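So basically every Cβ, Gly included, is an ideal-geometry build from the backbone, and we count neighbours across all protein chains shown. None of the figures in this text is laboratory data; all of them are computed from the coordinates on show.
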Amino acid sequence: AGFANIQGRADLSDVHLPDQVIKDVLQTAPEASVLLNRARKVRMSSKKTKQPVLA
Amino acid sequence: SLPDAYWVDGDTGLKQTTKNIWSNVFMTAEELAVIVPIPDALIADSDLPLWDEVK
């Protein structure tokens, strides 16, 4: 009754006015390990490995 | 047990009574078992096929 009536957000259900969700996590892009990028890499095939060196 | 038999004391001697008996013999199943534990490191690093060696 009267003229003041208007639909508010408090008048609608949580299924009428759902929040959007963003599936990407806000994260600092991961820096790699120093040694796993910088050092020389070899495949080992036992608990110990041995190599020749000049003396 | 086995049934006995008897000599009769002449004509109109009084005959005797006898019986046999049965019993039971049993066999019981018993269990023997063991567990062989080994680390994942030794299975990975070992030259020989270690589960097939122990079986």
Unique residue being more than 14 Å from chain B (Cβ to nearest Cβ) and within 30 Å of B:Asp47 (Cα to Cα) when the list is A:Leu26, A:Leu36:
A:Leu36
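For every residue, the table says whether it meets (1) more than 41 Å from the chain's Cα centre (by Cα); (2) closer than 30 Å to A:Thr49 by Cα.
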{"position": "B:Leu2", "(1), (2)": "no, no"}
{"position": "B:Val8", "(1), (2)": "yes, no"}
{"position": "B:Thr17", "(1), (2)": "no, no"}
{"position": "B:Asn20", "(1), (2)": "no, no"}
{"position": "B:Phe26", "(1), (2)": "no, no"}
{"position": "B:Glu31", "(1), (2)": "no, no"}
{"position": "B:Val34", "(1), (2)": "no, no"}
{"position": "B:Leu42", "(1), (2)": "yes, yes"}
{"position": "B:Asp45", "(1), (2)": "yes, yes"}
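Residues being assigned to a loop (DSSP other than H, G, I, E, B) and either among the hydroxyl-bearing types (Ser, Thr, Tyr) or in contact with a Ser or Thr (Cβ under 6 Å, 6 or more places away or on another chain) (or both): count how many of those fall in chain B. Don't jump to the end; show me each part of the working.
Looking only at chain B, we keep the residues that are assigned to a loop (DSSP other than H, G, I, E, B), and these are B:1-39, B:46-49, B:55.
Filter once more, so that each one left must be either among the hydroxyl-bearing types (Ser, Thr, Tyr) or in contact with a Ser or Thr (Cβ under 6 Å, 6 or more places away or on another chain) (or both): B:1, B:3-4, B:6, B:12, B:17-18, B:20-21, B:23, B:28, B:46.
Number satisfying all stated conditions: 12.
Would you be able to say whether some residue in segment A:40-50 is farther than 30 Å from B:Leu48 by Cβ, part of a loop (DSSP other than H, G, I, E, B), more than 14 Å from chain B (Cβ to nearest Cβ) and without any contact (Cβ under 8 Å) to a residue 60 or more places away in the chain? Don't jump to the end; show me each part of the working.
From segment A:40-50, those farther than 30 Å from B:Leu48 by Cβ are A:40; that's our starting set.
Next, only the ones that are part of a loop (DSSP other than H, G, I, E, B) stay: A:40.
Next, only the ones that are more than 14 Å from chain B (Cβ to nearest Cβ) stay: A:40.
Next, only the ones that are without any contact (Cβ under 8 Å) to a residue 60 or more places away in the chain stay: A:40.
Yes - at least one qualifying residue is present in segment A:40-50.
Could you tell me which residue of segment B:7-48 is farthest from the other protein chains (Cβ to nearest Cβ), considering only residues that are closer than 30 Å to A:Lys47 by Cα and surrounded by 10 or more Cβ atoms within 10 Å (Cβ to Cβ)?
Narrowing segment B:7-48 to residues closer than 30 Å to A:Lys47 by Cα: B:34-48.
If we keep only those that are surrounded by 10 or more Cβ atoms within 10 Å (Cβ to Cβ) too, we end up with B:38, B:42-46.
On the way: B:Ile38: 15, B:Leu42: 9, B:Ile43: 12, B:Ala44: 9, B:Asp45: 5, B:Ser46: 9 Å.
Among residues in segment B:7-48 that are closer than 30 Å to A:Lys47 by Cα and surrounded by 10 or more Cβ atoms within 10 Å (Cβ to Cβ), the one farthest from the other protein chains (Cβ to nearest Cβ) is B:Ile38.
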